[PDB]
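J.: Below you will find the structure I want to go over with you.
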Amino acid sequence: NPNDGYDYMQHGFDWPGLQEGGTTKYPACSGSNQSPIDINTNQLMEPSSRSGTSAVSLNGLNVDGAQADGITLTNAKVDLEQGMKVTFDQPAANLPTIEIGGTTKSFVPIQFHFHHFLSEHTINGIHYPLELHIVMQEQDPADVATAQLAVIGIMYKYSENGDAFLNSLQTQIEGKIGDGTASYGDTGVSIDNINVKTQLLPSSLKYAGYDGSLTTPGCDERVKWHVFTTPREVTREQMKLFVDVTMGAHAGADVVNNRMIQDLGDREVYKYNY
Ligand code: NA
Ligand SMILES: [Zn+2]
């Protein structure tokens, strides 16, 4: 019930073949620059060998939000259903940039969401219990439907010590469910402002970048991926929030919402800040 024309029962294995009225529903899900992928750290190439795309200048994302040129996601809201999407007022200053096809472009964070219980990307063949995707869109694109996107992927490994931001989100949500001001399935539920640098970015800026796609249909190949290789931490107790919210919203929802890894094909993956 959460997604419309597809689900995660086969982790997307079925997506490229779905047809309706003898017409293929998601032709781009069969492309050759699909995401997610495995990140083999011993095979990462040097950034200068990547044609057409530079490292991201994190700018305001990597400056304490309390600072003048630090970004704070404001008027933040979370959807109480699978993926727990968080939306907020569009940042307009200190935007991160990426030089693409020779042009430096600014990127605007538009939402962030989660892939819970199994990560979409793997690092050296290993999955993480949680992967956060901060989705950014190039500023003023020609058409929003075909806009260049940049996504930041952040992993969380199981640990005996949970993450601070996840704790706050869990506390806020569990509190609103408890006092009746929010119900599972509600969308755009208010939550506290978020300090990108202190609450979301991991402890090291090391990341793997490559050319990829959306990991949900239509799988459009318009994403510059930045997968940070140092994980944050999460406890099984914090992971319970995702099940409660996901099944509380739709009894038929898939609690493990990861698309399977895809063929790298002729792409290389590059290492940044190593
Ligand atoms: Na600030
Ligand atoms: Zn995602």
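Read the figures in this text as sums done on the coordinates, not as results from a lab. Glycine gets a Cβ as well: all are built from the backbone with ideal geometry, and neighbour counts include every protein chain shown.
J.: Can you tell me how many residues within the stretch 128-152 are within 21 Å of the chain's Cα centre (by Cα) and within 23 Å of residue 89 (Cβ to Cβ)?
T.: Within the stretch 128-152, residues that are within 21 Å of the chain's Cα centre (by Cα) and within 23 Å of residue 89 (Cβ to Cβ) number 17.
J.: Please specify each residue of the stretch 177-192 satisfying the condition of being within 16 Å of residue 240 (Cβ to Cβ) and either touching a residue at least 60 places away in the same chain (Cβ under 8 Å) or not small (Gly, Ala, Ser) (or both). Show your work before the answer.
T.: So in the stretch 177-192, the residues within 16 Å of residue 240 (Cβ to Cβ) come out as 177-178, 184.
Listed by number, the residues that qualify are 177, 184.
J.: Go through (1) in a helix (DSSP H, G or I); (2) within 16 Å of ligand 1 (Cβ to nearest atom); (3) not small (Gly, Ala, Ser) for residue 16 and report which single condition fails.
T.: (2)
J.: Within 16 Å of ligand 1 (Cβ to nearest atom) and either more than 18 Å from the chain's Cα centre (by Cα) or closer than 21 Å to residue 205 by Cα (or both): is that true of residue 65 in this structure? It would help to see each step written out before you state the result.
T.: Values: within 16 Å of ligand 1 (Cβ to nearest atom): yes; either more than 18 Å from the chain's Cα centre (by Cα) or closer than 21 Å to residue 205 by Cα (or both): yes.
Yes, satisfied.
J.: Would you confirm, using the coordinates I've provided, whether residue 197 is within 16 Å of ligand 1 (Cβ to nearest atom) and among the charged types (D, E, K, R)?
T.: yes
J.: Please determine, by comparing only the residues of the stretch 43-61 that are without any contact (Cβ under 8 Å) to a residue 40 or more places away in the chain and surrounded by fewer than 17 Cβ atoms within 10 Å (Cβ to Cβ), which one is farthest from residue 208 (Cα to Cα). Walk me through it before giving the result.
T.: From the stretch 43-61, those without any contact (Cβ under 8 Å) to a residue 40 or more places away in the chain are 48, 51, 59; that's our starting set.
Going one step further and asking which of them are surrounded by fewer than 17 Cβ atoms within 10 Å (Cβ to Cβ), we end up with 48, 51.
On the way: 48: 13, 51: 15 Å.
For the stretch 43-61, the residue satisfying everything is 51.
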